[PDB]
There are 2 protein chains.
Amino acid sequence: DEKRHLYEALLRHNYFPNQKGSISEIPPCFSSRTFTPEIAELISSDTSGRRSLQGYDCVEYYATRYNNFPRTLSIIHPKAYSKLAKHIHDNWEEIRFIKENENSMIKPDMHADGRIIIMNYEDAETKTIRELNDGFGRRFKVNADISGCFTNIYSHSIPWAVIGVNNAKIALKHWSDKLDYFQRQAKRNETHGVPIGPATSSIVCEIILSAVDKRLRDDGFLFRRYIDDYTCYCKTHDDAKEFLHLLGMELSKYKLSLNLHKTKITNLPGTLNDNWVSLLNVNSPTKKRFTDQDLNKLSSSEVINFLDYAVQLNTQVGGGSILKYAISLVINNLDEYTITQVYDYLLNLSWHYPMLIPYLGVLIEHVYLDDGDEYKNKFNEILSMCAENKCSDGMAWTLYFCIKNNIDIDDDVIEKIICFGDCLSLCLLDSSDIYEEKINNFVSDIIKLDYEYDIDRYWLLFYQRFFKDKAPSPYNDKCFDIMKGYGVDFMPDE
Amino acid sequence: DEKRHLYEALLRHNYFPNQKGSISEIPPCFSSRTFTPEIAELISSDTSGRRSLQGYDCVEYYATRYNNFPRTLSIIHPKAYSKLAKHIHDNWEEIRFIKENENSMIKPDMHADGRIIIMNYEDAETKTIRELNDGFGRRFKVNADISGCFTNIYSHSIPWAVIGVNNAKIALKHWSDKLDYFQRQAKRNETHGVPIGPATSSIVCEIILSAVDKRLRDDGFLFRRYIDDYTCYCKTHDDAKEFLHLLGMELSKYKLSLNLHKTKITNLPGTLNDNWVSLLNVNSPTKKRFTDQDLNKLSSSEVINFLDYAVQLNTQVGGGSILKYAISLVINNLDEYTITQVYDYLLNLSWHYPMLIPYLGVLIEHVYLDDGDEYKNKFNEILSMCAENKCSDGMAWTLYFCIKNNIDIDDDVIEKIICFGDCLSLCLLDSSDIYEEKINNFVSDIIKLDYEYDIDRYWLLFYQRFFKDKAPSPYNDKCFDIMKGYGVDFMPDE
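Residues numbered from 1 in each chain as written, not as in the entry; some residues may be left out. Chains lettered and ligands numbered in written order. Part of a larger assembly, values for the part shown. Heavy atoms only, no water.

Header annotation of the entry names cryo-EM as the structure determination method and lists the resolution as 2.27 Å.

In structure tokens form, the structure reads like this:
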């Protein structure tokens with residue numbers, strides 16, 4: 001069923017930020033499964049407890065981009081998220097028009113693994129044919145980015161996209177207003193912004209932007225929207241300017257604005273991908289298959305020189321995730337002679353760029369990690385860099401590697417982890433049970449601060465300690481008790 | 001009268017290439033005055049003589065541009081030119097619609113000095129107001145150059161511009177067909193090309209391009225044409241492309257084509273002039289008037305550094321006549337201390353760029369030319385460079401300076417001048433009467449070659465020798481006898 005798959009996607013698969021295709025932003029030890037729709041129904045049915053503050057804060061997870069710029073993913077508190085997901089499920093007949101939006105490529109869709117939101121799920125076949133069909137006969141390409149699609153989207157504009165702005169103003173119940181209310185409750189009862197990473201906020205953004213897509217489609221524009229990025233194909237240059245103008249009016253109707261720095265008009269034919277993508281693939285040592293596995297095994301010189309050229313392209317161009325693309329090109333065609341060289345190169349690049357840290361888990365088995373403790377020092381230096389740069393993705397993945405592979409962590413970097421206080425990193429540290437007293441001191445400071453949003457920012461740590469009977473429930477409601485009684489575990493075993 | 005002024009402009013003032021504003025392409029010792037409309041009427045009335053070849057060749061005069069690229073100006077043979085000018089005058093009522101073409105800036109116009117064609121005659125007042133009025137409200141500027149407006153213009157398209165292409169095809173008498181015939185007779189009975197420099201060919205080009213201007217004007221395009229260069233101001237970019245397309249069809253109707261290398265579309269607001277013009281004027285030491293002559297006298301350091309910056313701009317940008325512009329900025333505000341420095345700088349730049357040679361006549365009086373013969377060596381080295389590079393403007397101006405200022409010329413460079421064989425330079429050499437035997441040998445070779453076009457290419461030298469009774473008339477007609485009997489002299493005294 002579409003409805004049941006939507007419910008299980010919202011809670012069991014796309015609650016945590018898990019929208020990436022190949023490697024996740026979060027280590028795989030964190031999983032939102034065993035959090036079923038029945039449990040969320042029981043949470044939403046709970047009315048006990050008193051909150052001094054209005055709304056709920058969320059666990060914040062800082063993941064670096066390719067330019068080391070932090071992006072704040074969020075894990076919503078399960079009470080507010082359960083209510084929001086239940087309301088989205090209950091009115092899915094009125095919401096599912098976002099599925100039949102041909103212009104939006106990244107939208108809800110029934111996937112095999114159980115998700116609804118997967119970025120870049122479509123294959124290169126249909127992708128290539130689609131951009132060649134859209135770009136045919138047109139000599140201008142328009143790239144326009146919404147400035148604040150996650151950070152300043154208007155929750156009160158959720159009705160305005162559904163029934164119209166004027167009709168929603170006269171009408172002030174409808175499901176869109178309740179969706180607005182629950183989306184506000186997801187983040188501290190704040191009217192602006194949505195948590196990045198869950199599919200509920202992606203559904204809300206699709207609902208808001210579907211009216212803009214419909215208005216642009218009714219004017220005859222050929223365009224594709226990936227989340228907030230619009231790519232339009234225009235026969236003439238005034239058509240590009242008119243698309244930009246009409247998109248500006250349609251975004252300003254819902255209190256949104258184009259990123260004036262990011263919008264650009266290029267001459268077709270450009271490239272189907274970015275230019276660095278073709279530069280990398282045309283220089284890839286693994287670009288041709290041989291159908292025998294011994295032939296397509298890369299040597300040391302090939303991979304080392306290709307990664308050096310990738311660093312050259314990242315410095316010179318820097319138009320995207322060049323290093324991650326090249327590493328994913330060469331990481332699966334390695335032989336056992338060259339594992340140490342590529343692994344040390346990945347260690348250096350991962351110290352410089354934390355987004356390359358998860359690739360260390362690809363070759364984490366072949367590398368003799370005991371050795372002469374040099375790898376322990378390198379991993380702890382990576383942890384120091386992650387604590388200094390305040391990035392949660394690299395620290396979480398490195399801590400996952402150290403816990404799984406029994407790499408020892410010094411006390412000095414544990415002090416830096418507590419000073420940073422990333423919720424997922426502290427969840428991993430609590431799951432190791434070595435550092436119980438420091439986690440206890442941290443959560444005691446959070447409790448004695450008596451701020452409800454401070455507890456909400458570490459609800460996952462508090463629930464992981466409560467579920468293992470290491471700490472009482474910080475809240476006075478029954479949501480944590482309901483989740484513990486039905487065996488909800490966000491750090492499950494295999 | 002407009003008609004009489006047109007006749008005297010065609011014959012007495014704009015026969016020779018004299019369309020430049022400040023300094024002429026030809027030295028002022030050459031003048032087409034004392035060649036009156038009555039004399040041209042008598043020449044056209046002459047029917048005696050027999051020509052083995054059809055049409056007349058013309059005196060060719062190679063003038064360098066700013067990039068040292070040669071441009072071939074032409075002085076038409078007086079029989080063909082007299083017939084052509086008489087036919088243009090006799091049907092001036094049917095031709096004078098080119099005067100009332102608002103889009104063409106360089107067109108026939110009654111001027112005070114007696115000319116009809118003066119490039120850039122209009123003042124900076126009306127020029128500045130016109131480009132600010134045309135460029136207002138438009139964000140695109142189109143610069144499109146006709147590729148062959150002088151070199152491959154179709155003479156048989158002269159009727160096609162007047163009465164239409166189809167009507168001229170059915171009609172095959174009309175004055176346009178006779179104008180086509182006389183324009184062909186002006187250059188060797190050749191259907192393609194017009195001689196650059198006389199106003200008759202400028203009138204023919206204006207006649208041909210006036211239909212194109214009318215067709216572009218009737219479509220609502222705001223554009224300005226300077227000779228062959230179209231500058232259109234467009235609100236949108238498709239308007240620029242549509243102007244380019246319609247101009248292409250209108251030029252192809254008369255067997256003309258746009259210079260596809262030269263056409264470009266720029267974003268308004270640009271600059272009213274070229275960018276190097278504003279760079280030069282904003283750095284000009286003479287840019288501010290002081291109303292007392294002692295204050296606006298430039299020092300040595302000012303002019304030397306400004307000319308060094310001008311050479312820097314000419315090397316770095318090279319978008320136009322940068323050096324000539326800067327020299328004309330500083331050449332009239334010199335004091336007597338700095339004459340030698342600027343004159344030596346001009347001598348060096350004029351050796352490198354012959355188009356700067358006429359400026360040596362500005363300070364030719366203040367410089368002690370006798371001295372220690374160094375200036376004689378410099379002028380003869382300039383003559384050697386002009387003979388090697390095959391440029392007629394620099395050689396003619398240098399020979400004019402040497403003859404006027406009694407600078408001696410060695411025999412070795414006289415050999416190079418005879419080897420080059422520029423007609424105007426040999427006219428000057430014959431007017432000095434020092435080198436009579438070498439000029440006699442040259443014209444004896446031309447006579448014994450028995451080619452009528454070879455005599456036509458040096459008709460001015462032959463007529464200057466015939467008028468001073470140094471040689472008989474090479475032709476068998478009465479045109480040279482008519483011109484001699486009425487005292488036509490193309491090298492007159494003051």
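### Brief notes about the overall build of chain A
Our working rule: Only DSSP runs of H or I covering at least 4 residues are called helices, and only runs of E covering at least 2 are called strands; the numbering of each starts at the N terminus. Throughout this description, buried means an accessible area under 20% of the type-specific maximum (1.4 Å probe, protein chains only), exposed means over 50%, and partly exposed covers the range between. The protein chains shown are the only cover counted for residues, whose accessible areas, like all others here, come from Shrake-Rupley with a 1.4 Å probe. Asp and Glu are treated as the negative residues and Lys and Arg as the positive ones, with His and the ends of the chain left uncounted. Charge placement uses NZ in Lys and CZ in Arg. For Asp and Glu, CG and CD serve respectively.
Along its length, chain A carries 22 helices and six strands. On the principal axes, the C-alpha backbone points of chain A span a range of 70 × 60 × 40 Å. Classification of the 494 residues of chain A by burial places 54% in the buried group. Roughly 22100 Å² of accessible area belongs to chain A as shown, and the carbon and sulfur atoms make up 50% of that amount. Where the 56 positive side-chain charges of chain A centre and where its 72 negative ones centre are 7 Å apart.

### Regarding unusual backbone geometry
That bond from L268 of chain A to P269 of chain A is cis: its omega, 5 degrees, falls within 30 degrees of zero. Along the chain, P269 of chain A turns up in the loop between β6 (258–267) and α11 (275–282). In this model, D371 of chain A sits at a positive phi of 45 degrees, which is unusual for a non-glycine residue. Phi at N120 of chain B takes a positive value of approximately 65 degrees, unusual for a residue other than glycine. Here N120 of chain B shows up in the loop between α4 (92–95) and α5 (124–134). Residue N120 of chain B is classed as exposed on the basis of its relative accessible area of 60%.

### What about the interface of chain B and chain A?
Here is the rule: Two residues qualify as a contact provided that any one of their heavy atoms is within 4.5 Å of a heavy atom in the partner residue. Summed over both partners, the accessible area lost on bringing two parts together, with a 1.4 Å probe, is the buried area. By definition, a salt bridge exists where a carboxyl oxygen of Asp or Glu is found within 4 Å of a side-chain nitrogen of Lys or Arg. Pairs of N or O atoms within 3.5 Å make up the polar contacts considered here, provided that, within protein, one atom can donate a hydrogen while the other can accept it, and that residues adjacent in sequence are counted only when both atoms are side-chain atoms. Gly falls in the polar group here, along with every residue not listed as nonpolar (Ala, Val, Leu, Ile, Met, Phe, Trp, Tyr, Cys, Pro) or charged (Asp, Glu, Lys, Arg).
Across the boundary between the two partners, chain B contributes four residues, which contact four residues of chain A. When the two sides are added together, the surface that chain B and chain A hide from each other amounts to roughly 260 Å², 69% of it contributed by carbon and sulfur. Taken together, the connections running from chain B to chain A amount to zero salt bridges. At the junction of chain B with chain A, the criterion picks out zero residue pairs in polar contact. Classifying every residue of the side of chain B that touches chain A gives one nonpolar, two polar and one charged.

### Observations regarding the sheet that holds strand β4 (residues 222–226) of chain B
All names here are of chain B. Spelled out, the test is: A pair of strands counts as paired when DSSP detects no fewer than two bridges linking them. Axis lines are fitted to C-alpha atoms, over the contacting stretch for helices. Their N-to-C directions set the angle, which ranges from 0 to 180 degrees.
Strand order in the open sheet formed by four strands is β4-β5-β3-β6, and the pairing between neighbours is antiparallel. The outermost strands of the open sheet, each flanked by one partner alone, are β4 and β6 (258–267). Sheet twist, expressed as the average angle between the axes of neighbouring strands with direction ignored, equals 15 degrees. Sheet topology note: the strand β3 (residues 140–146)/strand β5 (residues 229–234) ladder contains six bridges and is antiparallel. Residue pairing for β5: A144 is matched across the bridge by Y230. Here α5 sits on the sheet and contacts β4 and β5; the angle it forms with β4, its principal contact strand, is near 140 degrees. Sheet strands touched by helix α10 (residues 237–253): β3, β4, β5 and β6. Its angle to β6, the strand with the most contacts, is close to 160 degrees.

### Quick look at the packing of helix α3 (residues 78–90) of chain B against helix α9 (residues 199–218) of chain B
Residues and elements named next belong to chain B. Rules: Oblique is the label for any angle not covered by the other classes, which are roughly parallel (under 35 degrees), roughly antiparallel (over 145) and roughly perpendicular (65 to 115). Handedness of a helix crossing follows the sense of rotation of the near helix relative to the far helix, less than a right angle counterclockwise being left-handed and clockwise being right-handed.
Put simply, α3 and α9 touch, their axes get as near as 10 Å, and they point 45 degrees apart. What the angle tells us is that α3 and α9 run oblique. Crossing handedness for the pair α3 and α9: left-handed. Residues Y81, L84, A85 and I88 of α3 pack against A199, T200 and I203 of α9. Its residues assigned to classes, the contact of α3 with α9 comprises six nonpolar, one polar and no charged.

### Observations concerning the sheet that holds β6 of chain A
Residues and elements named next belong to chain A. With antiparallel pairing, four strands are arranged side by side in an open sheet as β4-β5-β3-β6. In this open sheet, the two edge strands, each paired with only one partner strand, are β4 (222–226) and β6. In this sheet, neighbouring strand axes are inclined to one another by 15 degrees on average, regardless of whether the strands run parallel or antiparallel. Looking at chain direction, β4 and strand β5 (residues 229–234) are connected through five bridges and run antiparallel. Paired with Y226 across the bridge in β5 is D229.

### Observations concerning the side chain of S392 of chain A
Position of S392 of chain A among the secondary structure elements: in helix α16 (residues 392–404). Those residues in contact with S392 of chain A that lie beyond four places of it in its chain are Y61, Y62, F420 and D422 of chain A.

### Here's the deal with the relation of the copies chain B and chain A
Put simply, the rule is: The fit that places the copies together is a least-squares one on their C-alpha atoms.
Of the transformation superimposing chain B on chain A, the axial component is 0.1 Å and the angular component is 180 degrees, with the fit at an RMSD of 0.0 Å. Seen this way, the second copy is the image of the first under a two-fold rotation axis. Within chain B, the C-alpha atom positioned nearest to the axis of rotation is that of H237 of chain B, 3.0 Å from it. Same-surface contact between copies: 100% of interface residues of chain B are shared with the interface of chain A.

### What about the packing of aromatic side chains?
Residue and element names in this part refer to chain A. Just so we agree on the cut-off: Any pair of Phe, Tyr and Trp rings, taking the six-membered ring for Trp, is counted once the centres come within 6.5 Å. Such a pair is stacked with planes under 30 degrees apart, edge-to-face with planes over 60 apart, and tilted for the rest. A ring is scored as having a charge over it whenever the NZ atom of a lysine or the CZ atom of an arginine sits within 6 Å of its centre and within 35 degrees of its normal.
With the rule as written, the count across this model stands at 56 aromatic pairs over all chains. The interplanar angle of 55 degrees and the centroid separation of 5.7 Å between the aromatic rings of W397 and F401 together place this pair among those described as tilted. Of the two residues, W397 and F401 are both situated in helix α16; the distance of four residues between them amounts to about one turn of the helix. Site record: aromatic cluster; members linked through ring pairs are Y15, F16, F30, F35, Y81, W459, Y463, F466, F467, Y475, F480 and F490. The cationic tip of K484 hangs over the ring face of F466; the distance from NZ or CZ to the ring centre is 5.7 Å.

### Details of the environment of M385 of chain B
All names here are of chain B. The topology assignment puts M385 in helix α15 (residues 374–389). Separated by 210 residues in the primary sequence, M385 and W175 place their C-alpha atoms 46 Å from one another. Excluding anything up to four places from it in sequence, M385 contacts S350, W351, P354 and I357.

### A closer look at the side chain of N101 of chain A
Residue and element names in this part refer to chain A. Checked against the element boundaries, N101 lands in the loop between α4 (92–95) and α5 (124–134). Within the local environment of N101, its side chain forms a polar contact with the side chain of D213, the two groups lying 2.9 Å apart. Ignoring sequence-local partners within four residues, the contact set of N101 consists of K107, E206, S210, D213, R217 and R225.

### With respect to the pattern of salt bridges
Under the definition given, this model contains 70 salt bridges over all chains. Between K468 of chain A and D489 of chain A there is a salt bridge, with the nearest N and O atoms lying 3.8 Å from each other. Of this pair, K468 of chain A sits in the loop between α21 (459–467) and α22 (479–485) while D489 of chain A sits in the segment after α22, placing them 21 residues apart in sequence. A residue is classified by how much of its surface remains accessible, and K468 of chain A, at 42% relative accessible area, is partly exposed. Note on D489 of chain A: relative accessible area 9%, which makes it buried. Here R224 of chain B and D134 of chain B are joined by a salt bridge, their closest N and O atoms 2.8 Å apart. Here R224 of chain B and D134 of chain B have matching classes, each one buried. Taken together, the salt bridges that share partners define one network made up of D430, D433, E436, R465 and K470 of chain A.

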